[PDB]
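The form deposited in one PDB entry is given below as one chain in structure tokens.
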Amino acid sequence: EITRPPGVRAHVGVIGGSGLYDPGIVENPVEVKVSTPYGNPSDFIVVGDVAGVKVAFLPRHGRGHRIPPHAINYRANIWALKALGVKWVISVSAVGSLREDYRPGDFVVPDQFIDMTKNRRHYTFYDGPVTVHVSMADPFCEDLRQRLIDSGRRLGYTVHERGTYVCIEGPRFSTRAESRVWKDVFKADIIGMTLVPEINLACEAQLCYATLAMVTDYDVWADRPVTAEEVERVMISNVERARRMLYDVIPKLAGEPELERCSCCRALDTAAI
């Protein structure tokens, strides 16, 4: 791919709020334009070094939270990270909780998801003539999931070690009836809007992708229903802990994901017809 400036490469992608990026840590940061066949990524990708590991930061909503979940150019974002050479992708996300023990301020490292989106326009990179059906039974990268859990537990933070993420379309939040389906019918644990098709595309790109979720709310279930103000406030209250985990995990990603704990790392070997 063409990049400007030319020649830029990276090894770990970080997708999340622009507040995760700390200019006090990242060595030799550069804003990079990475061409894609899908147009612009959400914002500049900031590439720089953390403990000698080259990181590409990409705020999925753009700086300033300009781009709501349904409007994100997921294809461009994942294509650009892959084009840079990344092997690992850490997503950081705000989620609602469907269970009392997943409390606001707790981290969750989900292991499963249920896609209830509808309007994301492209759920794949492969529209033909090579038909590709990736296996996503185990859709996250187990290597990276375990690294995230370990980091949180070493830092003394609550990090729930599993969870099913229901991805809804939004931007409006769930009705009570919908939330009861998510909680009591689907038996899901957390809820968000951005996982899908991000994760699909990451898998197809043979990336080791995992989500570090932060519970920001209990959806409809507490005294007052979730609001955007609530989500943003709680996220910003907890962003420093998310940064501590990121900067703890990244230095340990200098190597490669373990193939036998990376469901997608050879996804295309058996997926393409």
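All residue numbers refer to positions in the sequence shown, first residue = 1. The term rigid core refers to the most C-alpha atoms you can superpose between the two forms while keeping them within 1.5 Å.
As the entry records it, the average C-alpha temperature factor is higher for 147-155, out of 147-155 and 102-110. Averaged over their C-alpha atoms, the temperature factors of 41-49 and 22-30 are higher for 22-30.
When the C-alpha B factors of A205, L58, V215, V239 are read from the deposited coordinates, the top value falls at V239.
Ranked by Cα temperature factor within the chain, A94 sits in the middle third according to the deposited record.
In the deposited entry, the Cα temperature factor of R120 sits in the bottom third of values across the chain's modelled residues. Among all modelled residues in its chain, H70 ranks in the lowest third by Cα B-factor.
Residue-level temperature factors show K187 in the highest third of its chain, judged at the C-alpha atom. Among the modelled residues of the chain, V12 sits in the middle third by CA temperature factor in this PDB entry.
There is another form of the same protein, the form deposited in another entry; it is not shown, and what comes next is about it.
Superposition on the rigid core between the shown form and the other one places the CA atom of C265 less than 2 Å from its counterpart.
Relative to the superposed rigid core, the position of the CA of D22 differs between the shown form and the other one by 2 Å or more. With a change of no less than 3 Å, the CA-CA distance between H61 and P23 is smaller in the other form than in the form shown.
Compared with the form shown here, the Cα atoms of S18 and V8 sit 3 Å or more farther apart in the other form.
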